[PDB]
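There is one chain below, alone, in structure tokens, taken in the form deposited in one PDB entry.
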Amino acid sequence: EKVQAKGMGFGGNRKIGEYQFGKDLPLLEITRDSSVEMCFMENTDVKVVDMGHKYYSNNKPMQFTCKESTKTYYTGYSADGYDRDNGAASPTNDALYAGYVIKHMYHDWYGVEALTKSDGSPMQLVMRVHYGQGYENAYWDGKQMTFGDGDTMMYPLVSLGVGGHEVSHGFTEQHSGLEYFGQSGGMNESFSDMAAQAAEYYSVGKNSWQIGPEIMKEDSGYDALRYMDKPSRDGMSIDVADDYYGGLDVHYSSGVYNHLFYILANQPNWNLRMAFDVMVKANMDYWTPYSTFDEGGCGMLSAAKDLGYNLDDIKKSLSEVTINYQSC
């Protein structure tokens, strides 16, 4: 008899600051079993799992007491809103929220499910938090989302940007299938960086145009993993398609389409939601697993035709990243 209930708690980190769910940001969607006054960091669309610094688990939801409808309860094991670690207030609060934003931006804004099953039923977003010991990564493994708590260089890696990034690697294999190498691998990596921006936009109405600044320790020298307005700021990512060479790792050939996306959403009468709508649809209906950068421009133009967007805004942008769409 687990029923809807409203979770109140804190999030953030020492760098971007600490904020309260139910004041600064929406209440969390939890479930509650009254007869035991136990609560669960789980709703229809998102399960948050507390790995407790282990490396394997059974993905039973994080479970916290909620003893004593506009009633709300405080999250965390000591029912005070906290699950503090390595400078973060409660990375598990931040996953539940991240899982929400991503599930909603995809379903409400684009009408599609971020995650679906083989047979087409939607697939519940499992967020595995506190994974490992001082783990400085977050990754997608086909079935679920794993976030490390970081170490000396980064705070725990639960944030809308990181979460949207890694989750949307699920969106790409169940749709376009953009292979994780070559040009398509850059496009894959790129799509996740766009989804990272779209999650920050759903949330607060503006976005970083960077990747990971919120998780980088403020005394770690680095301030951001990638810049999408000018990728080559990072020293190695490329800005235009003509700079490609087959030996780019995907996190550095991602600069092309990341630049493209920044250029498109900054066009007159464009916003982020419009530009990502094109990409979600191109990923959904036209992009091929072996896609070249030029084939991706065709997929975008074909998608915009399906949604009615302005094709000449698309082309100027493609043209600025030295992609040519002549043969589509």
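If you superpose the two forms and keep the largest set of C-alpha atoms that fall within 1.5 Å, you have the rigid core. So that there is no doubt, residue numbering starts at 1 and follows the sequence shown.
Modelled in this chain, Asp294 is likewise built in all the other compared entries whose models extend past it on both sides, so a third of them omitting it does not occur.
The records show that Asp33 is included in the coordinate set of every other eligible entry of this protein, so it is not omitted in a third of them. Here 45 to 53 and 267 to 275 are compared by their mean Cα B-factor, and 267 to 275 comes out higher. For the segment pair 164 to 172 and 177 to 185, the entry gives 177 to 185 the higher mean B-factor, averaged over Cα atoms. Reading the B-factor column for the CA atoms of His130, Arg226, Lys117, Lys103 in the entry, the top value corresponds to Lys117. Residue set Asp141, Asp94, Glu218, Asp83: peak C-alpha B-factor at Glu218 (per PDB entry). Per-chain ranking of the deposited C-alpha B factor places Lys206 in the highest third. In this PDB entry, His251 carries a Cα temperature factor that places it within the lowest third of its chain's modelled residues.
Among the modelled residues of the chain, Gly22 sits in the middle third by CA temperature factor in this PDB entry.
Sorting the modelled residues of the chain by their CA temperature factor places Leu157 in the lowest third. In the PDB entry, a CA B factor belonging to the middle third of its chain's modelled residues is recorded for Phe293.
The form deposited in another entry exists for this protein as well; it is not shown, and the discussion that follows is about that form.
Annotation for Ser317: C-alpha shift of 2 angstroms or more between the shown form and the other one, rigid core superposed. Comparing the forms between the shown form and the other one, the C-alpha position of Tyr139 differs by less than 2 angstroms, with the core used for superposition.
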